[PDB]
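Visitor: My questions will all concern the structure given below.
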Amino acid sequence: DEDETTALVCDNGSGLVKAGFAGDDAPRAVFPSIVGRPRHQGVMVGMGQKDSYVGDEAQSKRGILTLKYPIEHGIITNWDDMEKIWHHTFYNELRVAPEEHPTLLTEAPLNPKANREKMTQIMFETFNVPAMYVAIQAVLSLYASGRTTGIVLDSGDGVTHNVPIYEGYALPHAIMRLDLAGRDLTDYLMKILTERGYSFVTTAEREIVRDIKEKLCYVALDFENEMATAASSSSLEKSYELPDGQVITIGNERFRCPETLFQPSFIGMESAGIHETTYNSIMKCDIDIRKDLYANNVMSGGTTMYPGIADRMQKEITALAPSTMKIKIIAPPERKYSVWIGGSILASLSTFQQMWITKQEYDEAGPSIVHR
Amino acid sequence: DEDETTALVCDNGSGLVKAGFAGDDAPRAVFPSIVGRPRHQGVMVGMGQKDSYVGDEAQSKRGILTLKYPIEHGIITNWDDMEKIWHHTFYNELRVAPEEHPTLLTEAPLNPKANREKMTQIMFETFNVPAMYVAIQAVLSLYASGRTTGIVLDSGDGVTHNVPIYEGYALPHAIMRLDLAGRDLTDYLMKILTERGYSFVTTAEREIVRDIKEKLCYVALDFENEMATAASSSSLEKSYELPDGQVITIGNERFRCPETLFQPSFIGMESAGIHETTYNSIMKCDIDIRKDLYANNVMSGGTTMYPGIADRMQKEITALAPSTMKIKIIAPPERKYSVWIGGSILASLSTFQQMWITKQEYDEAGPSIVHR
Amino acid sequence: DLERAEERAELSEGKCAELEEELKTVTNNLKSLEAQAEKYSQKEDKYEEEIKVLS
Amino acid sequence: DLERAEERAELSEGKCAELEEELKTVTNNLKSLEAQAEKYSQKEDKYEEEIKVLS
């Protein structure tokens, strides 16, 4: 129990932090990855002067603060502001004292060696956690779907990745990163919806375009004869009621937004798209392992939640793969937390105890120890 | 007690001064904002030659003096004559010595920086008050209705304003000023009542048209089919008995006077009216704060006291606002003193002590100190 | 059943406010008429005593 | 959001009724004080005219 209860799992994202206790089924804490700094001197009624704001209080009060994102494209870019988000996570969100809890953290696919050593330096030397561990994100997603070999298409708020994993070892030279994700996708909907003849003028109009994207957006299979369908004008249309009455209608654009993930050309991106990239990762891997990867395309991440994403991907890679092959696109329902759940499982596991980096290892080996 | 008893609250208006002690429920002193200067040399029986007259003695003796209004449209226009009204307030009306009383004063919505510094220069350097503070009027009105975010429609004797306030900070760029108020409104009634076939010939006829406006005037909802009602001639009519017998009847015009506040066109004004202006203030503010402002339209000022003002405004902005919105027009009964009461509360408060500008702050920082 | 419960709530809150407002005005018109009545009663008794003495 | 809208509706209807009741009582106390005030004002003016004439 000492640490059975006690292991923490913190998944640091570009848009959201997911956090909680190893053992739980889902994150106890989910909140924006921002750190707000007040543009002016003054106070809220009853509070003192605050130097900084994090998560939702930074979002809610955004009009008087300069908002900053510590993690650009999955990589920690500002370490002063990240130690601020961690502090908030332990002390306010989970309300635990960190110096008696083992902490499993996550990093990104080709996270620079030096960063994995730096967050270890900050975990052990400024938070004084007993022990910690850094798992790679795609690797926890795979594992949370039971398996050990597969290829994960991972897509969240600032990055998309393909991480081919074989008997647990993520394959460095076959990993692909596509910098277009849910953030890019909300801003494109924004324009095709103002372009439908609308105005997201006040900040209460801006924010909810993102809630339109999440609730009403679709990834149609045969996106071709779906536009064609749009035109005959079926009961395909969908009206959402705004903060007030102002019933906005979205028929068609509803799927023009996730067609951006297959066609980056919709947004002036010259890069290849999700399905081709799944494939290219795969023809960059060893030959003998390619049947395995093909029958185990595990999807994880908030942006892979658009319904019919899996069917489109299913047919997208069948038709690029040699017919002798078995294609299989696994997309679980909890996928917006796969990464986290994979960490919860792993860290609560009976056999993981012997991989925890302890302060004994650290004080004796330097940050190098956990770096592997 | 030193200053718990001792804080003064002086609300300077275009028509009336409201004054008294922080702590009280209502102003100890209310009187016209005039300064009379005798047109001829001579005396009243038993008095000496008087150079000047202020408040009610200036009104009562108006036939031999040239009357002057120091505050034009809420802004202090003559500083020689204002120091005269302040002097009168402290020494004669409240009969206090100012050099041992902290003084909370009020200013108008976009009061020029230089004025807030000038009345501070006169408070500290010619009245020698221990400490003082200048609150913005709409902001005290809001606060006296308990809240901190809302939009105040403030309307008195020379100005009308809309001041959107968010967690206490009045929003400069969304404030609207409409120069038509109770003064304009008494003169319009005057004409529709002489136009009813009457004569307000002597000064005892002039003054009481204003007491007709206050007692008998109404703001009808559906001002349309209220004129229509007037015609069928119901028992809608209302006769007032003059200083003498001369029973004057006012049926209809009774509401044609406050319909001027929604239709400025009744008086050759091309500006928009109260309800549209409430609204325009609101579509000039941030988007995310517009649901707040809509559910918190606080009314203050002598001219917002016309019964049924709130119902007309209620329906005036519901029908301009998106139906998804909650409208809420708060109009308290003490509203002709909201501003003052908000100051009484605030200045008698336990936490306000640390915002008082003291002579220590001033003698050391210059007028800049209180200016903020 | 809701748009109905909320609509009934809003109409009764509106009614409530209208009546509460009509009241501050009638109880206030009052302190004024009761005070005017007492002021006149005292002016009356004074002149009733002075008429007795001039008679 | 409902048990909340219905509960707020019931409490505001209760408030509404209490205030509407307090009012029939204050407006009724009124026709009485205003009538007493007018009755005395007329007794006053009569004796003020009779004191003038005896003076």
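Just so we're on the same page: first chain in the structure tokens is A, next is B, and so on; residues restart at 1 for each chain, and ligands are numbered from 1 in the order they show up.
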Given identical sequences, can you show me chain A least-squares superposed on chain B via all its Cα atoms in order, as a short mmCIF file (atom, residue, chain, number, x, y, z; two decimals) with C-alpha atoms, in the first residue's frame?
Guide:
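This is the output file out_1.cif:
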```cif
data_model
loop_
_atom_site.label_atom_id
_atom_site.label_comp_id
_atom_site.auth_asym_id
_atom_site.auth_seq_id
_atom_site.Cartn_x
_atom_site.Cartn_y
_atom_site.Cartn_z
CA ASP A 1 -14.02 54.92 15.89
CA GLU A 2 -11.22 57.40 15.19
CA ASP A 3 -12.38 57.29 11.68
CA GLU A 4 -15.19 54.55 11.87
CA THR A 5 -17.53 57.44 12.81
CA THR A 6 -15.39 59.99 11.17
CA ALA A 7 -15.43 59.03 7.42
CA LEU A 8 -17.43 61.47 5.30
CA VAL A 9 -19.09 60.59 1.98
CA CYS A 10 -19.72 63.33 -0.46
CA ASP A 11 -21.40 62.61 -3.76
CA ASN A 12 -21.13 65.61 -6.10
CA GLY A 13 -23.82 65.81 -8.76
CA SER A 14 -24.94 67.96 -11.55
CA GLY A 15 -28.18 68.89 -9.73
CA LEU A 16 -27.75 67.69 -6.10
CA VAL A 17 -24.96 67.08 -3.56
CA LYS A 18 -25.58 64.03 -1.31
CA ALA A 19 -23.46 64.03 1.89
CA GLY A 20 -23.26 62.46 5.33
CA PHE A 21 -21.26 60.05 7.44
CA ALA A 22 -20.04 56.62 6.36
CA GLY A 23 -22.13 54.38 8.47
CA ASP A 24 -25.48 56.14 7.91
CA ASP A 25 -28.14 54.54 5.70
CA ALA A 26 -28.92 57.66 3.68
CA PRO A 27 -27.37 61.15 3.11
CA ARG A 28 -27.49 63.56 6.00
CA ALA A 29 -27.37 66.40 3.49
CA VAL A 30 -28.98 66.82 0.10
CA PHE A 31 -29.10 70.21 -1.61
CA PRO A 32 -28.73 71.97 -4.99
CA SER A 33 -25.41 72.27 -6.61
CA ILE A 34 -25.62 76.02 -7.20
CA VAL A 35 -23.60 79.07 -6.16
CA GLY A 36 -25.46 82.32 -6.37
CA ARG A 37 -23.77 85.63 -6.79
CA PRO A 38 -25.95 88.78 -6.00
CA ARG A 39 -26.81 90.93 -8.96
CA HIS A 40 -27.17 94.08 -6.66
CA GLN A 41 -25.78 95.65 -3.54
CA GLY A 42 -27.91 95.37 -0.43
CA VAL A 43 -28.81 93.15 2.54
CA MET A 44 -31.47 90.94 4.17
CA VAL A 45 -32.76 92.30 7.47
CA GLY A 46 -30.34 91.42 10.22
CA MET A 47 -27.68 89.93 8.03
CA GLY A 48 -24.52 91.40 6.59
CA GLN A 49 -23.49 91.73 2.97
CA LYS A 50 -22.99 88.32 1.53
CA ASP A 51 -20.75 87.74 -1.37
CA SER A 52 -22.16 84.41 -2.28
CA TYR A 53 -24.94 81.97 -1.66
CA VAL A 54 -24.95 78.12 -1.99
CA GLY A 55 -27.55 75.37 -2.18
CA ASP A 56 -31.03 76.22 -1.06
CA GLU A 57 -30.32 79.82 -0.05
CA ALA A 58 -29.20 80.37 -3.65
CA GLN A 59 -32.33 78.73 -4.97
CA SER A 60 -34.67 80.62 -2.63
CA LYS A 61 -33.15 83.95 -3.30
CA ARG A 62 -32.67 83.34 -7.07
CA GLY A 63 -34.34 86.54 -8.23
CA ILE A 64 -31.44 88.78 -6.96
CA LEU A 65 -28.44 86.52 -7.76
CA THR A 66 -26.79 85.00 -10.85
CA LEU A 67 -26.97 81.29 -10.34
CA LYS A 68 -24.17 79.02 -11.51
CA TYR A 69 -23.82 75.29 -11.81
CA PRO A 70 -20.13 74.07 -11.04
CA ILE A 71 -20.67 70.62 -12.45
CA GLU A 72 -21.64 70.42 -16.07
CA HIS A 73 -22.69 66.92 -17.06
CA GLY A 74 -21.05 65.29 -14.06
CA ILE A 75 -17.61 66.91 -14.68
CA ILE A 76 -16.39 69.86 -12.42
CA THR A 77 -16.22 72.82 -14.75
CA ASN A 78 -15.60 75.64 -12.24
CA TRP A 79 -13.15 74.96 -9.45
CA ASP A 80 -13.69 78.32 -7.59
CA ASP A 81 -17.38 77.61 -7.31
CA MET A 82 -16.87 73.91 -6.44
CA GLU A 83 -14.56 74.71 -3.47
CA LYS A 84 -17.45 76.95 -2.41
CA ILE A 85 -19.96 74.00 -2.49
CA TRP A 86 -17.50 71.78 -0.56
CA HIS A 87 -16.93 74.48 2.03
CA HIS A 88 -20.67 74.77 2.51
CA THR A 89 -20.97 70.99 2.83
CA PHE A 90 -18.44 70.55 5.54
CA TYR A 91 -18.95 73.64 7.55
CA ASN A 92 -22.60 74.43 7.33
CA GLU A 93 -24.42 71.31 6.22
CA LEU A 94 -22.53 68.61 8.17
CA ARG A 95 -21.04 71.23 10.58
CA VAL A 96 -17.85 69.20 10.94
CA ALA A 97 -14.29 70.49 10.83
CA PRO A 98 -12.75 68.66 7.76
CA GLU A 99 -9.19 68.46 9.15
CA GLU A 100 -10.03 65.54 11.35
CA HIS A 101 -12.33 63.54 8.98
CA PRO A 102 -11.33 61.10 6.17
CA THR A 103 -13.41 62.14 3.07
CA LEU A 104 -14.66 59.67 0.34
CA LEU A 105 -15.58 61.58 -2.74
CA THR A 106 -17.07 60.48 -6.03
CA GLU A 107 -16.21 61.25 -9.62
CA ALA A 108 -17.81 60.54 -12.98
CA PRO A 109 -17.17 57.71 -15.42
CA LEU A 110 -14.39 59.02 -17.72
CA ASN A 111 -13.37 61.88 -15.41
CA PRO A 112 -10.19 63.42 -16.77
CA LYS A 113 -7.03 62.32 -14.90
CA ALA A 114 -6.19 65.91 -14.23
CA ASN A 115 -9.46 66.62 -12.35
CA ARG A 116 -9.01 63.63 -9.97
CA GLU A 117 -5.57 65.12 -9.27
CA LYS A 118 -7.08 68.66 -8.87
CA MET A 119 -9.79 67.79 -6.34
CA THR A 120 -7.12 65.93 -4.44
CA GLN A 121 -4.93 69.04 -4.53
CA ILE A 122 -7.92 71.03 -3.10
CA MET A 123 -8.98 68.39 -0.59
CA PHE A 124 -5.52 68.01 0.94
CA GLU A 125 -4.08 71.47 0.32
CA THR A 126 -7.02 73.87 1.02
CA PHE A 127 -9.26 71.71 3.34
CA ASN A 128 -6.46 69.76 5.02
CA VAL A 129 -8.46 66.53 5.37
CA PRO A 130 -6.45 63.60 7.04
CA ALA A 131 -7.10 61.24 4.14
CA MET A 132 -9.39 60.96 1.14
CA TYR A 133 -10.38 58.62 -1.74
CA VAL A 134 -12.25 59.16 -5.02
CA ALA A 135 -14.68 56.29 -6.06
CA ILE A 136 -16.31 56.13 -9.57
CA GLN A 137 -20.03 56.59 -9.29
CA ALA A 138 -21.43 53.55 -11.20
CA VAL A 139 -18.97 51.42 -9.34
CA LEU A 140 -20.46 52.48 -5.93
CA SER A 141 -23.94 51.96 -7.21
CA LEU A 142 -23.18 48.36 -8.24
CA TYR A 143 -21.46 47.51 -5.08
CA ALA A 144 -24.30 48.90 -2.97
CA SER A 145 -26.50 46.26 -4.73
CA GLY A 146 -24.14 43.63 -3.36
CA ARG A 147 -22.33 42.73 -6.63
CA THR A 148 -19.06 43.29 -8.48
CA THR A 149 -19.84 42.55 -12.09
CA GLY A 150 -22.80 44.06 -13.80
CA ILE A 151 -23.57 47.07 -15.98
CA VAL A 152 -25.01 50.21 -14.33
CA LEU A 153 -27.41 52.50 -16.19
CA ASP A 154 -26.79 55.64 -14.21
CA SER A 155 -29.07 58.69 -14.74
CA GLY A 156 -29.37 61.81 -12.71
CA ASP A 157 -29.76 65.43 -13.38
CA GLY A 158 -27.36 66.39 -16.21
CA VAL A 159 -25.92 62.94 -17.50
CA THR A 160 -26.85 59.34 -18.30
CA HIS A 161 -24.19 56.64 -18.44
CA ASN A 162 -23.74 52.94 -18.92
CA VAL A 163 -20.72 51.65 -17.04
CA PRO A 164 -19.97 47.94 -17.53
CA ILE A 165 -17.95 46.76 -14.46
CA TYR A 166 -16.07 43.44 -14.19
CA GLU A 167 -14.79 42.28 -10.79
CA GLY A 168 -14.71 45.87 -9.84
CA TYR A 169 -12.87 47.45 -12.74
CA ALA A 170 -15.12 49.77 -14.77
CA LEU A 171 -14.47 49.08 -18.44
CA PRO A 172 -13.31 52.36 -20.08
CA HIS A 173 -13.90 51.45 -23.70
CA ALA A 174 -17.46 50.20 -23.18
CA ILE A 175 -18.86 53.18 -21.15
CA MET A 176 -21.52 55.31 -22.95
CA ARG A 177 -22.68 58.74 -22.04
CA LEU A 178 -25.97 60.22 -23.12
CA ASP A 179 -26.39 63.93 -22.20
CA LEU A 180 -30.20 63.83 -21.58
CA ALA A 181 -31.40 63.44 -18.03
CA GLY A 182 -33.95 64.67 -15.41
CA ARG A 183 -33.21 68.37 -16.11
CA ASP A 184 -33.96 67.91 -19.84
CA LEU A 185 -37.00 65.85 -18.80
CA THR A 186 -38.58 68.53 -16.58
CA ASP A 187 -38.28 71.06 -19.41
CA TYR A 188 -39.93 68.76 -21.90
CA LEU A 189 -42.84 68.08 -19.51
CA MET A 190 -43.10 71.82 -19.14
CA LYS A 191 -43.75 72.29 -22.82
CA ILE A 192 -46.16 69.26 -23.18
CA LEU A 193 -48.08 70.66 -20.22
CA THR A 194 -48.24 74.28 -21.52
CA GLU A 195 -49.11 72.61 -24.83
CA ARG A 196 -52.00 70.86 -22.91
CA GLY A 197 -53.27 74.49 -22.67
CA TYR A 198 -51.51 75.86 -19.55
CA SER A 199 -49.23 78.48 -18.12
CA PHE A 200 -46.31 78.21 -15.83
CA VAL A 201 -45.90 81.80 -15.64
CA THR A 202 -44.51 82.87 -12.20
CA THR A 203 -41.50 81.11 -10.61
CA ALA A 204 -43.91 79.29 -8.24
CA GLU A 205 -45.43 77.71 -11.34
CA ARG A 206 -42.04 76.82 -12.95
CA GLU A 207 -40.59 74.92 -9.93
CA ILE A 208 -43.56 72.69 -9.30
CA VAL A 209 -43.59 71.20 -12.89
CA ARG A 210 -40.58 69.32 -11.56
CA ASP A 211 -42.67 68.07 -8.56
CA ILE A 212 -45.37 66.98 -11.03
CA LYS A 213 -42.70 64.99 -13.01
CA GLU A 214 -41.47 63.30 -9.81
CA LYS A 215 -44.93 62.46 -8.26
CA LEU A 216 -47.18 61.67 -11.23
CA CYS A 217 -44.82 60.52 -14.05
CA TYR A 218 -44.73 56.98 -15.31
CA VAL A 219 -42.84 54.78 -17.77
CA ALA A 220 -45.33 52.68 -19.39
CA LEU A 221 -44.62 49.39 -20.94
CA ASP A 222 -46.29 49.31 -24.31
CA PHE A 223 -46.25 53.05 -24.63
CA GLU A 224 -47.92 52.31 -27.99
CA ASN A 225 -51.26 51.08 -26.73
CA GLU A 226 -51.09 53.49 -23.82
CA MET A 227 -51.61 56.51 -26.07
CA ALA A 228 -54.42 54.37 -27.63
CA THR A 229 -55.74 53.86 -24.09
CA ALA A 230 -55.47 57.63 -23.44
CA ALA A 231 -57.93 58.25 -26.30
CA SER A 232 -60.73 55.87 -25.14
CA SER A 233 -60.22 57.93 -21.93
CA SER A 234 -60.16 55.76 -19.05
CA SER A 235 -59.64 56.84 -15.49
CA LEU A 236 -55.91 57.13 -16.48
CA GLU A 237 -55.98 60.98 -15.93
CA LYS A 238 -54.40 62.67 -12.88
CA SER A 239 -55.06 66.08 -11.38
CA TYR A 240 -52.55 67.78 -9.12
CA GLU A 241 -53.51 70.83 -6.94
CA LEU A 242 -51.07 73.73 -7.46
CA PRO A 243 -49.53 76.06 -4.60
CA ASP A 244 -53.09 77.48 -4.56
CA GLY A 245 -56.44 75.82 -5.68
CA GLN A 246 -55.74 75.79 -9.46
CA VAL A 247 -56.22 72.11 -10.05
CA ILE A 248 -54.25 71.16 -13.05
CA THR A 249 -55.00 67.87 -14.88
CA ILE A 250 -52.43 65.59 -16.47
CA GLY A 251 -53.77 62.47 -17.96
CA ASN A 252 -51.74 61.35 -20.81
CA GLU A 253 -48.36 63.42 -20.83
CA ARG A 254 -47.71 61.79 -17.54
CA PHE A 255 -45.85 59.01 -19.53
CA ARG A 256 -45.00 60.99 -22.69
CA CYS A 257 -42.24 62.55 -20.56
CA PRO A 258 -40.25 59.29 -19.63
CA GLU A 259 -40.98 57.86 -23.23
CA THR A 260 -38.35 60.64 -23.96
CA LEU A 261 -35.68 58.43 -22.36
CA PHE A 262 -36.38 55.63 -24.99
CA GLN A 263 -37.12 58.07 -27.83
CA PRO A 264 -34.68 61.08 -27.73
CA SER A 265 -36.46 62.10 -31.01
CA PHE A 266 -39.24 63.60 -28.79
CA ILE A 267 -36.76 66.30 -28.01
CA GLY A 268 -34.81 66.81 -31.20
CA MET A 269 -32.12 64.45 -30.05
CA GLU A 270 -30.61 62.22 -32.74
CA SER A 271 -28.75 59.98 -30.22
CA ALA A 272 -29.89 56.45 -29.45
CA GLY A 273 -31.97 55.75 -26.29
CA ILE A 274 -31.33 54.18 -22.86
CA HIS A 275 -32.14 50.53 -23.83
CA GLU A 276 -30.25 50.49 -27.08
CA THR A 277 -27.38 52.12 -25.34
CA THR A 278 -27.44 49.44 -22.54
CA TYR A 279 -27.17 46.96 -25.31
CA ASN A 280 -24.52 48.68 -27.36
CA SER A 281 -22.29 48.96 -24.28
CA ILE A 282 -22.76 45.25 -23.97
CA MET A 283 -21.89 44.31 -27.59
CA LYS A 284 -18.68 46.47 -27.06
CA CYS A 285 -17.48 44.25 -24.20
CA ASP A 286 -15.73 40.88 -24.21
CA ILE A 287 -17.93 37.99 -25.36
CA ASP A 288 -17.39 35.73 -22.41
CA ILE A 289 -18.52 38.56 -20.02
CA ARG A 290 -21.71 39.42 -21.87
CA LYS A 291 -23.90 36.78 -20.03
CA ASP A 292 -22.87 38.44 -16.73
CA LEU A 293 -23.65 41.98 -17.72
CA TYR A 294 -27.05 40.86 -19.05
CA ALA A 295 -28.17 39.29 -15.84
CA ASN A 296 -27.00 42.36 -13.89
CA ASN A 297 -28.36 45.60 -15.20
CA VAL A 298 -28.32 47.69 -12.07
CA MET A 299 -30.12 50.95 -12.19
CA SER A 300 -29.25 54.02 -10.20
CA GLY A 301 -30.05 57.72 -10.24
CA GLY A 302 -32.97 60.09 -9.64
CA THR A 303 -34.23 59.87 -13.22
CA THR A 304 -34.42 56.00 -13.14
CA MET A 305 -37.08 56.22 -10.41
CA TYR A 306 -40.08 56.69 -12.82
CA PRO A 307 -42.28 53.57 -12.00
CA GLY A 308 -42.29 50.82 -14.69
CA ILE A 309 -38.87 51.82 -15.93
CA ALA A 310 -37.50 48.45 -15.06
CA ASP A 311 -40.35 46.48 -16.84
CA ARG A 312 -39.94 48.56 -20.02
CA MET A 313 -36.12 48.02 -19.85
CA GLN A 314 -36.65 44.33 -19.13
CA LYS A 315 -38.60 43.89 -22.28
CA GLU A 316 -36.57 46.37 -24.19
CA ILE A 317 -33.35 44.42 -23.91
CA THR A 318 -34.87 40.85 -23.90
CA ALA A 319 -36.08 41.60 -27.35
CA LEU A 320 -32.61 42.79 -28.53
CA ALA A 321 -30.54 40.17 -26.75
CA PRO A 322 -29.95 36.58 -28.17
CA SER A 323 -32.76 34.29 -26.66
CA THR A 324 -30.17 31.99 -25.11
CA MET A 325 -29.59 34.86 -22.66
CA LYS A 326 -30.86 35.69 -19.27
CA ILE A 327 -31.85 39.34 -18.89
CA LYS A 328 -32.11 40.86 -15.35
CA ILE A 329 -32.88 44.49 -14.55
CA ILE A 330 -32.20 45.29 -10.89
CA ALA A 331 -33.75 48.59 -9.77
CA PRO A 332 -33.65 48.98 -5.93
CA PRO A 333 -35.97 51.41 -4.04
CA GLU A 334 -33.26 53.53 -2.53
CA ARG A 335 -31.73 54.04 -6.06
CA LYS A 336 -31.76 57.88 -5.94
CA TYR A 337 -28.93 57.35 -3.30
CA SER A 338 -27.25 54.04 -4.58
CA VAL A 339 -24.03 55.81 -5.32
CA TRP A 340 -23.94 57.37 -1.85
CA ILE A 341 -24.93 54.23 0.00
CA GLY A 342 -22.24 52.24 -1.87
CA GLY A 343 -19.74 54.81 -0.60
CA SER A 344 -21.08 54.63 2.97
CA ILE A 345 -20.70 50.86 2.98
CA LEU A 346 -17.29 50.82 1.39
CA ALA A 347 -15.85 53.62 3.49
CA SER A 348 -17.16 52.23 6.77
CA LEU A 349 -15.71 48.82 5.80
CA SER A 350 -13.17 46.98 7.71
CA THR A 351 -10.91 46.46 4.64
CA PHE A 352 -10.95 49.92 3.12
CA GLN A 353 -8.64 51.45 5.60
CA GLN A 354 -5.61 50.37 3.61
CA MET A 355 -6.82 52.25 0.43
CA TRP A 356 -7.34 55.72 2.04
CA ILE A 357 -4.83 58.25 0.48
CA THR A 358 -3.21 59.87 3.55
CA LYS A 359 -1.45 63.27 3.74
CA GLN A 360 1.70 61.11 4.26
CA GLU A 361 1.13 59.55 0.77
CA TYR A 362 0.31 62.95 -0.68
CA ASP A 363 3.04 65.20 0.84
CA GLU A 364 5.42 62.52 -0.37
CA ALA A 365 4.03 61.45 -3.85
CA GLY A 366 2.18 64.50 -5.28
CA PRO A 367 -1.49 64.36 -6.60
CA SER A 368 -0.36 61.49 -8.78
CA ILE A 369 -0.64 59.19 -5.72
CA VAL A 370 -4.47 59.05 -5.58
CA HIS A 371 -4.86 59.36 -9.31
CA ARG A 372 -3.99 55.60 -9.68
#
```
Visitor: Least-squares fit chain C onto chain D by Cα, in order, and just send back the RMSD.
Guide: 1.2 Å
Visitor: What's the 10 Å shell around residue 24 of chain C, counting only C-alpha atoms, without same-chain residues fewer than 3 positions away, as a PyMOL selection string?
Guide: (chain B and resi 332-334) or (chain C and resi 19-21+27-30) or (chain D and resi 23)
Visitor: Okay, now the selection with N, CA, C and O atoms, as a short mmCIF file (atom, residue, chain, number, x, y, z; two decimals), in the first residue's frame?
Guide:
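Generated output (part04.cif):
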```
data_model
loop_
_atom_site.label_atom_id
_atom_site.label_comp_id
_atom_site.auth_asym_id
_atom_site.auth_seq_id
_atom_site.Cartn_x
_atom_site.Cartn_y
_atom_site.Cartn_z
N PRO B 332 -33.28 48.90 -7.34
CA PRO B 332 -33.65 48.97 -5.93
C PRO B 332 -34.44 50.25 -5.61
O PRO B 332 -34.43 51.22 -6.39
N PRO B 333 -35.16 50.28 -4.47
CA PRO B 333 -35.97 51.40 -4.04
C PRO B 333 -35.16 52.60 -3.61
O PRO B 333 -35.55 53.74 -3.90
N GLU B 334 -34.02 52.39 -2.95
CA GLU B 334 -33.26 53.53 -2.53
C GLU B 334 -32.47 54.06 -3.70
O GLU B 334 -31.75 55.03 -3.46
N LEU C 19 -45.07 43.55 -7.61
CA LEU C 19 -45.72 43.78 -6.33
C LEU C 19 -44.71 44.36 -5.34
O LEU C 19 -44.94 45.48 -4.91
N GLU C 20 -43.53 43.78 -5.03
CA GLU C 20 -42.54 44.36 -4.11
C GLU C 20 -42.17 45.84 -4.38
O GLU C 20 -42.10 46.70 -3.49
N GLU C 21 -42.09 46.20 -5.66
CA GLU C 21 -41.90 47.58 -6.12
C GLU C 21 -43.10 48.50 -5.84
O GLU C 21 -42.96 49.54 -5.19
N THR C 27 -45.85 52.00 0.84
CA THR C 27 -45.33 52.23 2.21
C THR C 27 -44.55 53.54 2.34
O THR C 27 -44.59 54.22 3.37
N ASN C 28 -43.83 53.96 1.30
CA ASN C 28 -43.17 55.26 1.30
C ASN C 28 -44.12 56.44 1.15
O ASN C 28 -44.03 57.40 1.92
N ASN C 29 -45.11 56.37 0.24
CA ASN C 29 -46.18 57.39 0.14
C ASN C 29 -46.81 57.59 1.52
O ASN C 29 -47.33 58.63 1.92
N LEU C 30 -46.71 56.52 2.29
CA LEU C 30 -47.14 56.55 3.68
C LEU C 30 -46.55 57.21 4.83
O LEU C 30 -47.26 57.94 5.52
N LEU D 23 -49.14 43.81 1.73
CA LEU D 23 -49.57 44.98 0.97
C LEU D 23 -50.97 45.41 1.01
O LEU D 23 -51.23 46.60 1.10
#
```
Visitor: Which residues are near residue 49 of chain C? Cut-off 12 Å, only C-alpha atoms, ignore same chain within fewer than 4 positions. Put them as a list in words.
Guide: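 The filter keeps residues 42, 43, 44, 45, 53, 54 and 55 of chain C; 44, 47, 48 and 51 of chain D.
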Visitor: For a test of reading the model, state the distance in Å between atom CA of residue 39 of chain D and atom CA of residue 25 of chain C, rounded to one decimal.
Guide: 23.5 Å
Visitor: In Å, rounded to a single decimal, give me how far atom CA of residue 26 of chain D is from atom CA of residue 13 of chain D.
Guide: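 Going from atom CA of residue 13 of chain D over to atom CA of residue 26 of chain D covers 20.1 Å.
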Visitor: Mind pulling up the distance from atom CA of residue 14 of chain C to atom CA of residue 8 of chain D?
Guide: 13.2 Å
Visitor: To test your reading of the structure, identify every residue in segment 8-72 of chain A that backbone DSSP assigns to strand (DSSP E), and report it as a list in words.
Guide: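 Across segment 8-72 of chain A, those assigned strand (DSSP E) are residues 8, 9, 10, 11, 12, 16, 17, 18, 19, 20, 21, 29, 30, 31, 32, 35, 36, 37, 38, 53, 54, 65, 66, 67, 68, 71 and 72 of chain A.
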Visitor: Just the residues within 10 Å of segment 10-12 of chain D, please, counting only C-alpha atoms, with nothing from its chain fewer than 3 positions along; format it as a ChimeraX atom specification.
Guide: /C:5,8-10,12-17 /D:4-7,15-18
